[PDB]
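In what follows, a single structure is set out as structure tokens and then discussed.
The chains referred to below are lettered A, B, ... by the order of the sequence lines, with proteins before strands, and numbering in each begins at 1. Just so you know, these numbers use all the heavy atoms, side chains as well, and skip hydrogens, waters and symmetry mates. Note that ligands are numbered from 1 as they come in the structure, with each ligand's atoms numbered from 1 the same way.
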Number of protein chains: 2
Amino acid sequence: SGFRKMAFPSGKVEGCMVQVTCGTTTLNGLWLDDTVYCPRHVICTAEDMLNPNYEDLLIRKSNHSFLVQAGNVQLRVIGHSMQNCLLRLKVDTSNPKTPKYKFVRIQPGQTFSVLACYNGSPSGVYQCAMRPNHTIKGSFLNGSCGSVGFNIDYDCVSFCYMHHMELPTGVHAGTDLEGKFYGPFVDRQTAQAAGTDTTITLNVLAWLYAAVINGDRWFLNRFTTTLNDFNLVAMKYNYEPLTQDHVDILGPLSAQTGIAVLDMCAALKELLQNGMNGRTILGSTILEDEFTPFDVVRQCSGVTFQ
Amino acid sequence: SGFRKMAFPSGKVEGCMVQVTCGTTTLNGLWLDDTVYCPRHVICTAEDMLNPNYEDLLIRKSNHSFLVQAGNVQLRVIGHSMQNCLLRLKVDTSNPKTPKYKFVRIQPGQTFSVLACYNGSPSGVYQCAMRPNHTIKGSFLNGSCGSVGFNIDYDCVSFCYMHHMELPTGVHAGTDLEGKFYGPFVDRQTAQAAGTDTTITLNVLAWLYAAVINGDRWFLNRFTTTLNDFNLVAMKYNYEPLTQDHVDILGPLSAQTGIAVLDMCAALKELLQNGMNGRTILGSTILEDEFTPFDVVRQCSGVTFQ
Ligand SMILES: O=C(Cn1nnc2ccccc21)N(Cc1cccc(Cl)c1)c1ccc(-c2ccc[nH]c2=O)cc1
Ligand SMILES: O=C(Cn1nnc2ccccc21)N(Cc1cccc(Cl)c1)c1ccc(-c2ccc[nH]c2=O)cc1
């Protein structure tokens, strides 16, 4: 029993974190096989951030413009290239701690673990969601750029995020491990801001199923809803519209608890309209949206507490 | 910016997790140097849990009654002894991944990271507090016994918890790494229940200082309080009494934000009496008590957003 915002064990990723220095500028990088990946803003001075031409900044560097430190070991850079908003540094040594890995581009609403790093040293791990507005509500200080997000499946690390920026509202923006930003953001100083965000409906439904699995039914009711009537309520409360694909994804949870998806939707409509009236769900007074249906199945018992 | 329930990176502990089997009974153990530590209930059948005499159950075992599996490697047991509610197994191999470590007995209100394990395989990591009632609000399923809690300080792992039991209210009980239970609990079937719990006052004050560091002052007020007048309010709301020692611990946070501790206490008295009136603090609608003053300093900027 219990339900916590659980991260994946971080060891497989800790063994891949290094420090990358170009002159006075330092941040973190990810060392897989004989390549180091890092934010391309490592080649900038603070003043270069105002309006950098990365092509122009990079052609002015050599291999030896870059220092890579792995623990107390200097790695020699033997090649370099830009890939979208990342630099790829070829190094003289393959990382002997390289796990089985993949690079994946996650979708909005999906969750991942972040390993917060400073100076190539891991400091902490926590679980995030990719918001609908393509930001993450992380916890990062200056020096955290190049920190990575990931999932683990059967000893394979799926890297999905590399940290680049804190936006003016204190949320975070970054790239996949091909250096494409999540959302409309750019690695230069502009008036860019986080767009309006929405609650991840699918995740709130998954977490209601988690509270039932764990033995709580108080918020259920005798009503059902149509998807259209649910979505008129969602629009009012700044919830993502629910789709048939979302209903289908909730099938396994529905089957484990014997609660039809649209009957769970009816419960959520009533929670949104009426509020929680001093009650909690899995220890929370608000409707949590940072657990996917997959996260609930990973963490909860396969046996409902009936 | 941001504030998250952050765990310590788990790698140093992942490298120490093994599986311990005595007949049909399996759980996790911790492999440091040439010793494996695990809950002594590994020597029980399910029926033995009703009223086990561990001295009597153990004298009936040999070294070869115990199988220890580290990945796909069988470790041979060459000695065994009971230490309070743990078994200590001597093995033929020193763990080459043993980190610098210590065993510490933490105090109520202090936090640690849990590495949830099944069959000697780590599955997840999350941060907990030791409740005043000597339980943790973990997330554990059957098979999780022998999972450990820890802190990390400068590459030294301080082990503080080993998982033994889920109590009837779905919270968790365990031991230090000398096998002494936290709280009044015993490793046998009794009517034992979690005692009444209280909110960790010190931690709520630390988290209010975190919200100020991160740039939020909305809940502050022009009042001050005495420690006695604060504690009459604490008694009413099931908060731990605040002590002078707690005031002294908050000195560094007070100094960083320029808010006197008793002025922060006055803010908390007003939040308890009036509620949050639809507002949030660091994204929360409730007063969070699972961050210590040390956790706030670790995670937050050394520079207040003034
Ligand atoms: O948000 C960042 C870096 N950040 N990432 N999480 C953070 C959390 C807290 C504080 C800062 C953080 N920005 C701003 C930015 C502006 C424009 C484009 C981008 Cl992509 C990022 C940043 C600021 C300074 C520098 C810099 C470059 C060269 C030498 N020295 C430096 O400081 C780099 C990035
Ligand atoms: O709470 C546990 C084991 N637990 N720990 N977190 C859990 C989370 C979810 C479910 C069970 C969990 N109890 C109960 C208990 C009773 C009396 C004393 C203690 Cl100390 C623990 C437990 C139940 C069964 C067995 C058992 C022993 C031998 C062979 N097979 C078995 O199943 C061991 C412990």
Side-chain angles (χ1 to χ4, degrees), chain A residues 1-2 21-28 39-52 54 57 85 114 116-118 136 138-147 162-168 170-175 179 181 185-192 214 300-301 303 305, chain B residues 1-2 21-28 39-52 54 57 85 114 116-118 136 138-147 162-168 170-175 179 181 185-192 214 300-301 303 305:
Chain A
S1 186
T21 306
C22 190
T24 291
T25 308
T26 302
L27 46 60
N28 305 283
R40 72 177 177 171
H41 69 63
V42 75
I43 76 177
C44 293
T45 70
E47 299 61 37
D48 283 325
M49 294 307 298
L50 176 61
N51 186 36
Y54 286 101
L57 289 166
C85 294
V114 171
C117 295
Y118 301 85
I136 67 172
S139 179
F140 290 119
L141 300 178
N142 201 203
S144 59
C145 297
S147 292
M162 187 162 265
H163 188 49
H164 290 241
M165 174 169 31
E166 181 171 292
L167 287 166
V171 301
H172 299 112
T175 64
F181 264 90
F185 309 111
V186 294
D187 60 344
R188 61 190 184 266
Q189 181 59 52
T190 77
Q192 62 192 326
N214 281 23
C300 289
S301 180
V303 183
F305 187 20
Chain B
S1 186
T21 306
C22 190
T24 291
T25 308
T26 302
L27 46 60
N28 305 283
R40 72 177 177 171
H41 69 63
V42 75
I43 76 177
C44 293
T45 70
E47 299 61 37
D48 283 325
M49 294 307 298
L50 176 61
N51 186 36
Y54 286 101
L57 289 166
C85 294
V114 171
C117 295
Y118 301 85
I136 67 172
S139 179
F140 290 119
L141 300 178
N142 201 203
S144 59
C145 297
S147 292
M162 187 162 265
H163 188 49
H164 290 241
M165 174 169 31
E166 181 171 292
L167 287 166
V171 301
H172 299 112
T175 64
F181 264 90
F185 309 111
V186 294
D187 60 344
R188 61 190 184 266
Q189 181 59 52
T190 77
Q192 62 192 326
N214 281 23
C300 289
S301 180
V303 183
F305 187 20

Legend entry - Residue pair A/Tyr118 / A/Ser144, side-chain heavy-atom distance below 4.5 Å: yes
Legend entry - Partner residues of B/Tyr54 under the ring pair (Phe, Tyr, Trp, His ring centres under 6.0 Å) criterion, sequence neighbours left out: none
Legend entry - Set of residues satisfying side chain to side chain donor-acceptor pair (under 3.5 Å) with respect to B/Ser147, sequence neighbours excluded: none
Inset, instruction - Report yes if some heavy atom in the side chain of A/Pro39 is under 4.5 Å from a heavy atom in the side chain of A/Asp187; otherwise report no. - result: no
Legend entry - By side chain to side chain donor-acceptor pair (under 3.5 Å) - contacts of B/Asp48 (at least two apart): B/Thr45
Inset, instruction - Non-hydrogen atoms closer than 4.0 Å to ligand 2: which protein residues do they belong to? List them by chain and number, please. - result: B/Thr25, B/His41, B/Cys44, B/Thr45, B/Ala46, B/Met49, B/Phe140, B/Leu141, B/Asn142, B/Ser144, B/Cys145, B/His163, B/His164, B/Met165, B/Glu166, B/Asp187, B/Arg188, B/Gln189
Inset, instruction - Check whether any side-chain heavy atom of B/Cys44 sits under 4.5 Å from a side-chain heavy atom of B/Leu57, and report yes or no. - result: yes
